[PDB]
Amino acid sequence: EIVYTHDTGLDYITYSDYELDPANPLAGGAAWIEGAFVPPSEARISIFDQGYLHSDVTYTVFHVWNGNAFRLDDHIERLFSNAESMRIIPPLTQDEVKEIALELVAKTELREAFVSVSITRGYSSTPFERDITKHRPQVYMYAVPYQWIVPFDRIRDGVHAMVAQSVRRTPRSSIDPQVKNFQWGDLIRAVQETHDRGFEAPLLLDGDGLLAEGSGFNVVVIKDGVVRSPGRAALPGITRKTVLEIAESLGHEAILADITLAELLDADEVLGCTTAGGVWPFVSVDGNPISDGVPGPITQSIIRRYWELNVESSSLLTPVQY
C-alpha cells in the first residue's frame, strides 16, 4: 500500500531496487517521539506542546538517497544553530540526533527518504514561564518516502512561477526567515494566491520589494553566467548552498545578493531548490517567459550535477546501516 519507488523518466534520478520487509511494522515509514520508535499511525505529540500552541519550534529536513543521507552534518548544525537563535536548548547532542535519525531510517528500510527533525520548547511549560529551567524541550522525528515538491516531468520541462502581490515574506523584525520554522501564514497565503491566479509556484518579495523566497524552497537567478540568490529574506538552504558550490565548480560566479523584480523578469534562467525535490527550472514568471521559456543550459547542468552529488563518494554522504 505504501509507495516508495517510482520510475522517474530521468536518467540522472534512479531509485533503489529493493523490497520492503512485510514482517517489519515500521517498514515504509516511522517516527521517533519521546524515546520510542513508532509507526506513522502512532506518531502523535502532546496537544500541550508549545511547538503546537505557539509554533515555538524549529526544524530541518534532510533526505536519504540510495541509502546515504545528504549533508546530514550541515543539516544538524543548522538545526542546532536555529534552536540557539530561539533560545531552545536541545535535550540531545548533535551526534545523538544523528544516531537516532539514522537508526529511524534504518527501521523504515527506506533507501530514498524524507526525514524531519523538529525541536520544540516542549509541553511542560508556557511562554509566560519566568523560570527558564522549567522548560523541557522535545525532539520529534519522522522518516517517510522521499517527497517531491515538483513532479518529474516539471524538473525536465520547468515550472510556471508567480510573484505574490497579496502578501510579503514575514520580516526578520517579526519572524526570522533564516531560522527554519513552521509559521507559514505568509507562505500559505502565497500558495492560495497561486491557486487564485492560476499559476504553479509562488515567489515572495520582502518588505523592501526585493526577491525573497518561495513556499518551502529558495530561488536562484542566472544572468550573463552569474548565478545569484537572495541573501536576506530567505532560509539559508542546504540545497541552495550545494547549488552555488556546483555553479562555482562549473566556472560561474555564484553569490548571495539582492535581486530586483526587474532582474528576475530579465533573467537568462531562473530555478528553484529545496531538500524535498532537489532542483528544478522556473521557465516563466506571471505568464512572461524567462528567455525562450525552456530550461536553460546552466540550470540543466546544475540539476544533473546535484543528482550526481547524491550518488558519488564524498564527505557529503553518510551511509545508513540497514
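All residue numbers are counted from 1 along the displayed sequence.
- If you average the C-alpha B-factors over 226-234 and over 122-130, the higher value belongs to 122-130.
- Checked against the record, the higher mean CA B factor of 302-310 and 11-19 lies with 11-19.
- Highest CA B-factor among 251, 207, 185, 202, as stated in the entry: 251.
- Per the PDB record, residue ranking by Cα B-factor puts residue 109 in the highest third of the chain.
- Among the modelled residues of its chain, residue 270 has a C-alpha B-factor that falls in the middle third, as given in the PDB entry.
- When the CA B factors of the chain's modelled residues are split into thirds, the value for residue 51 lands in the lowest one.
- Among the modelled residues of the chain, residue 76 sits in the lowest third by CA temperature factor in this PDB entry.
- In the deposited entry, the Cα temperature factor of residue 102 sits in the middle third of values across the chain's modelled residues.
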